[PDB]
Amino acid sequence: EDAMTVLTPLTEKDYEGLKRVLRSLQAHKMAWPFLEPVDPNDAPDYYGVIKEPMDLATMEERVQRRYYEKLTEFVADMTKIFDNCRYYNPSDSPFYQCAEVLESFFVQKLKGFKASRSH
């Protein structure tokens, strides 16, 4: 991550772009496992092995409250969604697959966002 990712405070116009990124991932056909927090009745050990859970609804709450001060911090929470999934699930599970797909989409949208920031 370069000069501007780490450093640059997020402005109000930057926040309009982060909302748009987040809604694109929420609309993706492969987002379904990540839309809301993991239900412990589906995976009763999940919260004993994943130390820092994340999901897209918590990220939306944080975006609305202006939680994030730098782009790096938003990227960090998104990345955790995907890393948590690939650590918990085996490499041949549909959940692991979805993480693969959705992370590649995220990177495409994040590059779009960075390009838009300064011009």
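In this text, the rigid core denotes the largest set of C-alpha atoms whose superposition between the two forms falls within 1.5 Å. The first residue of the sequence shown is number 1, and the count goes up from there.
Asker: Stretch 40 to 48 versus stretch 90 to 98: after rigid core alignment, which one is farther off in C-alpha RMS in 8 other deposited structures of this protein?
Answerer: Most displaced of the pair in 8 other deposited structures of this protein: 40 to 48.
Asker: Quick check: 59 to 67 versus 36 to 44, which has the larger average CA B-factor in the record?
Answerer: The entry gives the higher C-alpha B-factor average to 36 to 44.
Asker: Hey, which bit's got the bigger mean C-alpha B factor in the entry, 86 to 94 or 70 to 78?
Answerer: So the stretch with the higher mean C-alpha B-factor is 86 to 94.
Asker: Among the modelled residues of this chain, does the Cα B factor of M54 put it in the lowest, middle or highest third?
Answerer: CA B-factor rank for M54: lowest third.
Asker: By the recorded C-alpha temperature factor, relative to the other modelled residues in its chain, which third is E103 in?
Answerer: Its C-alpha B-factor, which the entry lists for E103, ranks in the lowest third among residues of this chain.
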